[PDB]
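Novice:
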Amino acid sequence: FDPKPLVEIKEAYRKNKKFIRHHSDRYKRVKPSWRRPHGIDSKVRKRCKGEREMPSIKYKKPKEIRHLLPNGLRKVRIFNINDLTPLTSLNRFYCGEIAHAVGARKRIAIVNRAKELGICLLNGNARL
RNA sequence: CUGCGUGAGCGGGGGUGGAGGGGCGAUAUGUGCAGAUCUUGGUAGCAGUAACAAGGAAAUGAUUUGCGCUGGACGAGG
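Numbering-wise (the authors' numbering), the first sequence opens with residue 6 and increments by one.
(1) Would you give the residue range spanned by the alpha helix (DSSP H) that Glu-56 belongs to?
(2) Are the CB atoms of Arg-82 and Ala-109 within a distance shorter than 8 Å?
(3) What three-state label does DSSP hand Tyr-99 in the structure shown?
(4) To the nearest angstrom, how far is it from the Cα of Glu-13 to the Cα of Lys-120?
(5) Measuring only the C-alpha atoms, how far is residue 167 from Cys-53?
(6) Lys-80 bridges to which residues according to DSSP?
(7) With a cut-off of 8 Å on the beta carbons, I'd call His-27 and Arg-57 a contact; round off their distance for me.
(8) Could you give the residue range of the alpha helix (DSSP H) that holds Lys-111?
(9) Exposed or buried, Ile-113, counting other C-beta atoms within 10 Å across all chains shown (16 or more means buried)?
(10) What does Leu-126 pair with, by DSSP beta-bridge criteria?
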């Protein structure tokens, strides 16, 4: 089908590189979120041997698998019972997710609609 | 603890918590920090360290005995 052969092209493009800020393992006041250096003596900016590597557009994914869920579908966020309506002509390419702040009274209503329409839920079986 | 994004960042799950919180378009800005012998607050190592005190005794201590030298009044100040 759609999910099964895509999940193995997705795995061919997985990188395990992280892009962590220089010296963030040495000072607690430097946070790990990425920043580019500007110093007059900076060696990360020159790409010397041994230093951490910088991010760039040559690591970006093909358009067909970028943002794919691990099971092979696209994610949609759902707040209402009326949010499921557009997922009827396409219920084999999407996987719904119920927002965190929706209460358990309304979650019963959403979970029953999606069962009688054949729509996958990434989030069901929680807070029940 | 876990998913997505080259990245700035954005989601979901289990505890805690006990009242509010968001998306999208235009618009107004006191709009993003590692440094300034930066400002204010809190906290380490140094270190239980330097420095200081432990005043002669007699089971008891209104009794016996050993040592030091300021002692008593008026004014200012309190």
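Note that CB positions come from ideal geometry on N, CA and C, so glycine has one too.
Specialist: With the given structure in hand:
(1) From DSSP, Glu-56 is part of no alpha helix (DSSP H); its letter is neither H nor E.
(2) no
(3) strand
(4) 28 Å
(5) A question about residue 167 goes unanswered here, because the residues of the chain that appear run from 6 up to 133.
(6) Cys-100
(7) 6 Å
(8) 109-120
(9) exposed
(10) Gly-101
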